[PDB]
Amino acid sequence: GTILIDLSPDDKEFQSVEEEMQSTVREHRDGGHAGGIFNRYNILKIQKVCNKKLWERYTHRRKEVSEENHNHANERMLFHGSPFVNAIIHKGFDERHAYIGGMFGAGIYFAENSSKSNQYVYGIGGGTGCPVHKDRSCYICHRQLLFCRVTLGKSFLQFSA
């Protein structure tokens, strides 16, 4: 049920998504070990993910949450990096996409910093890097991130290092 629609680089929607991607890069405490050493990206393509069933699944849940939280879904746009991006765009997020050993328990993790999600594209801790060169800092291989609509509802605040 999923189709992917390419956005033109001239499209304001392309430009606003690119700007979120580039503007939320930061340096990481690992010196680049997981995600590589970089200050910016070369954006090759931005596609809209269209799936009616998955969208209706999302909006159904969004309304449940909203109704439990004074009509406030607390919806954000956040990044997700994963080896499973292909399954996600076809079948949706589920328990198979959870970070079992995450610091806030087994759930599905999202970041405001695109460079944080970049650390997970090749797996936890960057895995062994790109499949072709086994380089976590590969400047050649094409990477993919998701920019996702996420319903937070009432969110439990955890202060953390």
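Note that the rigid core is defined as the largest set of C-alphas that superpose within 1.5 Å between two forms. Start at 1 and count along the sequence shown; that's the residue number.
Taking the rigid core as the alignment reference, the C-alpha atoms of 96 to 104 lie farther on average from the displayed form in 9 other deposited structures of this protein than those of the other stretch among 28 to 36 and 96 to 104. Look at the C-alpha B-factors of 45 to 53 and of 92 to 100. On average they run higher in 92 to 100. Higher mean CA temperature factor between 108 to 116 and 121 to 129: 121 to 129, per the PDB entry. Annotation for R26, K134, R61, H70: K134 ranks highest, by Cα B-factor. In the PDB entry, a CA B factor belonging to the middle third of its chain's modelled residues is recorded for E20. Looking at the C-alpha B-factors along this chain, the one for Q158 belongs to the middle third.
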